[PDB]
Amino acid sequence: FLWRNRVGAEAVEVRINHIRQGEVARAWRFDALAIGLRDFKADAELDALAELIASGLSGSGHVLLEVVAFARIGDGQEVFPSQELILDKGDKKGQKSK
Amino acid sequence: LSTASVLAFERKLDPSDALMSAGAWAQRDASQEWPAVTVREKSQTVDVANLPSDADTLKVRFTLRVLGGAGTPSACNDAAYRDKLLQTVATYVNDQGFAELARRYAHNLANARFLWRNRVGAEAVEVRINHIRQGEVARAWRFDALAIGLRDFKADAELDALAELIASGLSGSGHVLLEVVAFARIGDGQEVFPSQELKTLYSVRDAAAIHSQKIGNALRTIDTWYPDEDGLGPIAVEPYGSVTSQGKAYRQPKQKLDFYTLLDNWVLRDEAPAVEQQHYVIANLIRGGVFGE
Amino acid sequence: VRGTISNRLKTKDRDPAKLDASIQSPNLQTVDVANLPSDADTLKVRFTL
Amino acid sequence: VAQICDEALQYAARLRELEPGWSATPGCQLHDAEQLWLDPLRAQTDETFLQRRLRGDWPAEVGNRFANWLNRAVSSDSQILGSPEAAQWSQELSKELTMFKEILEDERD
Amino acid sequence: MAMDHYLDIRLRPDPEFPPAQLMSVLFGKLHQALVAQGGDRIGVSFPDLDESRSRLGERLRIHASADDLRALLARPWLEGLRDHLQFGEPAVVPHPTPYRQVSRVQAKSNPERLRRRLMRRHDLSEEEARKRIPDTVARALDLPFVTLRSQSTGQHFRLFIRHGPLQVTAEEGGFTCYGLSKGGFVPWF
Amino acid sequence: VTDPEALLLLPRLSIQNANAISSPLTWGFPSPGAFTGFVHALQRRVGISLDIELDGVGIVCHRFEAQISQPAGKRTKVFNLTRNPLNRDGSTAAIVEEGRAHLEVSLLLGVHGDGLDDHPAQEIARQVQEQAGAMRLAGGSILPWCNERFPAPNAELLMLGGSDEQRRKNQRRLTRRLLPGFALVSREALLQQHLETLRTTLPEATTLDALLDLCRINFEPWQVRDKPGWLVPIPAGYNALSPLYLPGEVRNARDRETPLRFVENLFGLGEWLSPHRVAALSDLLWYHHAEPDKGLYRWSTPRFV
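Protein chains in written order, with the entry's author numbering: chain D, 147 to 244; chain C, 6 to 48, 77 to 231, 244 to 338; chain E, 49 to 97; chain A, 326 to 434; chain L, -1 to 187; chain B, 3 to 223, 239 to 322.
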């Protein structure tokens, strides 16, 4: 889900939680430097999360998640948020290009 | 046969915008506490980058790293073109390594060109750099006084490993971070300027700074072989590569040795130029751009 | 927002060339959205009957 | 379509006489580049470099406006060019853009 | 006119910007070369200027006499430009001396200097200072120089350059601490 | 009968109190023969001393109102009139109706003369422009120089001599000062092949323009037919049916040293064109000729495309 901010980055690691109520029900700590982006291999901590969202997508006990990534990118680098369609109301200064 | 209509590349060598502060010579050891060059309006109002008398030197924090994978296009339209551009750049690198490009980008790191008006007239400059992949440092660095050069370039028995680590990062065998700073003891009462807005100078918050594309310019002065001459020196690499200082269209579009004119003949009709025209080719291949028709 | 052509294109003309052609023509769509504040997790709806 | 471009040129000529005050004002952002063909009177507040905002001789984005008008005139479909007059619509649009470039080659000048 | 030495200079090409601020920095470096140490055995001028062209040049000639300019143009006083440039060498002067030289010549014809004095002494409004300051006594000028880096006005302005009497005779008048001309001949061809 | 040595434009020939009807079957813009006679009289009072020669005219017709009114919302119009002075009996005059319009035009001509051969350019152009505003053109006086004089001095734009690409850019250096109007050219070949193409019902000749100032439609057994422009009849010459006469044979001529022929009107059609849609500006002149073997005293635009 980090489109360009993942690639080039040195080390990333992902904090996923399950929200039962206004609290934390179960933790998940991952690392995308030890799992791929091309192969989808069976793992040892996230198959329980797979069964969690399998029960969620069947309706049997809902699940509210908090997927949070911690991407080490470099002190003061250039992140990539998304880009809007721009209307032509701007002059030569005033955020006309991007 | 035609190439791809829409065609693009992500930029490598992605820098940070360099916020500025003043400081003390022989305080590289703990340069961590220094206040910036705070901008003031006072009367036409003008912009003076003033430096204190108890700290006459300069401090320019920015950083640099490498995406790697110049062979992969960002968004190439066709399918009978990617499979030959991949092998073209790959068997370029394995045919002839880009170690000469690694040398020349290390020569752009070697001279303090990224500060344009801020360079000229100091006591002595000492560009620093450090090897980073996590929060601790790997191998520290120092530069020299004689080995600066305003146009000249030379290799060393300490700078060569830096050259080939930039090469191996740009190859794809371990990407690392560089954090750049350059000394300048330029003076009290010197209005030494960063880049400026559309006279509003570019003010990253409670400081003054340079843009990252303009700081990319003076890290990409590579193109020596424009077919007129090379005694004025190489230029920053771009197609139709020209500048406002010369004000003339270097790489004039009426000969085969243009970028856009030999590249479609170097993918399709296989017109291979020399080594030091191909460093221009790959050097503005690693600036990206909206390419194709 | 923009997306690709998820229309059921009528098979009097449903050809691969037009499907590849209709991608570099994007969908100029500016829409509206209604999110919560990110500091909150409830929705209050009040009216009078 | 060339007659419609000539009618647009006639509309530009009709606008080229009823403009006593042509300069920057409230509602002139799109008319700062749109004032190329509709060239207003020479601004007194301009300096010796008055050929950039009040003397703009850059009728190259007028080709972009003609391209926008050609794209918004009739929706060119992805499969309406099987004959030699479907891409010929784009050839006629390019001929109209060439005529517009020749007409606005000396618009602000 | 009286020099017995010289030194060549010409900056190299580069990406950054044109020779306007470079000519202003050269005028400041000349005012710090002749002025910042004091000395009258020297010449100074921009004889590669275009008064009919509104430019400054792409070359420089800051030379002096034999004993004066034999030990002056090989130091870091004009430093910062020894990597993408080059200084001259020790050579003799010509048998016929070109007796001419350009120095700081310019004017002021605005309502802030003269009208500034006429409002800080006379103290009146713009009526008397408009009746005693017409539009046909002076205007903006175009000297043989460029915009200099002096932060009293933001955008660059007219430089300070103006020629004088072009002779061929010798000028045996020792100049001041500016390297300019006071009425005689200096080394300038 | 030839393309000129040089053109001559007069950008706002603002005229006034013109003749509207100009023929018994129309009321709009006046006859082009009025303009050909205008430039023959200009040639008579100028080019016998300045040695030029004028053949064709160019109409552009910037703006055109007419003193007309709508009676009670009918599908017709009327004319505004002028008060005739008192009759000798002193009750009222025999009131007679005619249309009087107030139009705008700019005339470009065709010169076979020495405007830059033995005389200078803008001297000839300025004297002709200064001398043109002392004569009437369609029964109406020219509105003289005013705030419209400020673009009125002109060049004397050559055609026959110059570079080919600068022949193009000189004639469209003349087009840039001619935008908001609509030029008048004839459609003689369109008259011919549009009566001959549409001869699948009857061979009548005067029914051509009598069946074009209207919305022709053979509708659905709502689709308005493809109008090719502005189909409108014009007075296109003078057929002299009866033979020649003499100044002593038929008395009450104007001068008694020029012969008399009773004449009738002739109706072609003249389309209105923007000046951009032409071949060249020398291809739109209303010339003049007389064929006294026929009755045809007919003016024309040779090579309108």
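Beta carbons are placed, not taken as given, at the ideal position from N, Cα and C, and that holds for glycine.
Sorting C:158, C:307, C:198 and C:180 by C-alpha distance to the C-alpha of residue 171 of chain C places C:198 at the top. 181, 182, 183, 184 and 185: these are the residues of the region 176 to 190 of chain C whose beta carbon lies less than 9 Å from some beta carbon of chain L, given in chain order.
DSSP links residue 266 of chain C through a beta bridge to C:281. Within the region 55 to 138 of chain B, the complete alpha helix (DSSP H) segments of 4 residues or longer fall at 123 to 134, listed in chain order. Look at the beta carbons and you see the region 369 to 383 of chain A not touching the region 1 to 8 of chain L: under three pairs across the two are nearer than 8 Å. The CB of residue 147 of chain L comes closer than 8 Å to the CB of 150 and 224 in chain C, given here in chain order. Below 8 Å, enough C-beta pairs join the region 156 to 169 of chain L and the region 96 to 110 of chain L to call them touching: three or more. The contact set of residue 231 of chain D on chain E, defined by CB atoms closer than 7 Å, consists of 76 and 78 in chain order.
Under the DSSP assignment, residue 336 of chain A falls in the alpha helix (DSSP H) whose first and last residues are 327 to 340.
Per DSSP, the continuous beta strand (DSSP E) segment holding residue 92 of chain C begins and ends at 90 to 98. The beta carbon of residue 192 of chain C does not come within 7 Å of any beta carbon belonging to chain L, so the residue lies off that interface. Two segments are said to touch when three or more pairs of C-beta atoms, one from each, lie closer than 8 Å; by this definition the region 126 to 136 of chain L does not touch the region 60 to 77 of chain L. Comparing C-alpha distances from residue 37 of chain L to each of L:89, L:70 and L:18 shows the shortest one belongs to L:70. Put simply, the backbone Cα of residue 409 of chain A is about 14 Å away from that of residue 403 of chain A. Residue contact with chain D for residue 100 of chain C: present (Cβ-Cβ distance below 7 Å to some residue of chain D).
Taking residue 175 of chain D as reference, the option from D:195, D:187, D:159 and D:167 with the minimal CA-CA separation is D:159. Taking CB atoms only, residue 89 of chain E has no neighbour in chain A less than 7 Å away. Within 7 Å of the CB of residue 246 of chain C, no CB atom of chain D is found; the nearest one sits about 15 Å away.
Residue-level contact check: residue 360 of chain A does not touch chain D, since none of the beta carbons of chain D fall below 7 Å from its beta carbon.
In the three-state scheme derived from DSSP, where H, G and I count as helix and E and B as strand, residue 10 of chain L is classed as coil. The bridge partners DSSP lists for residue 249 of chain C come to none. The alpha carbon of residue 291 of chain B has as its nearest neighbour, out of B:268, B:196 and B:185, the alpha carbon of B:185. With a cutoff of 7 Å on beta-carbon distance, residue 145 of chain B and residue 240 of chain B are scored as not near each other. Residue-level contact by beta carbon fails for residue 68 of chain E and chain A, as no gap is shorter than 7 Å. Taking residue 229 of chain D as the centre and dropping the five residues before and after it, the same chain places the C-beta of 244 closer than 7 Å to its C-beta, in chain order. Inter-residue distance for residue 105 of chain B and residue 61 of chain B is about 12 Å (C-alpha atoms, whole angstroms). For residue 22 of chain L, there is no enclosing beta strand (DSSP E); the residue is part of the alpha helix (DSSP H) that begins and ends at 17 to 31. Within the region 279 to 292 of chain C, contact with chain L at the beta-carbon level (separation under 8 Å) is assigned to 280, 281, 288, 289, 290, 291 and 292. Residue environment for residue 78 of chain B: exposed (fewer than 16 other C-beta atoms within 10 angstroms of its C-beta). In the DSSP assignment, residue 281 of chain B falls within the unbroken beta strand (DSSP E) covering 281 to 290. Between residue 156 of chain B and residue 13 of chain B, the alpha-carbon positions lie close to 8 Å from each other. Per DSSP, reduced to three states, the secondary structure at residue 41 of chain B is helical. Residue 178 of chain L and residue 29 of chain C have their C-alpha atoms roughly 39 Å apart.
Neighbourhood of residue 404 of chain A in chain E, by CB distance below 9 Å: 61, 63, 65, 66 and 69, in chain order.
One Cα belongs to residue 113 of chain B, the other to residue 76 of chain E, and the distance between them is close to 58 Å. Rounded to whole angstroms, the separation of the alpha carbons of residue 381 of chain A and residue 337 of chain A is 16 Å.
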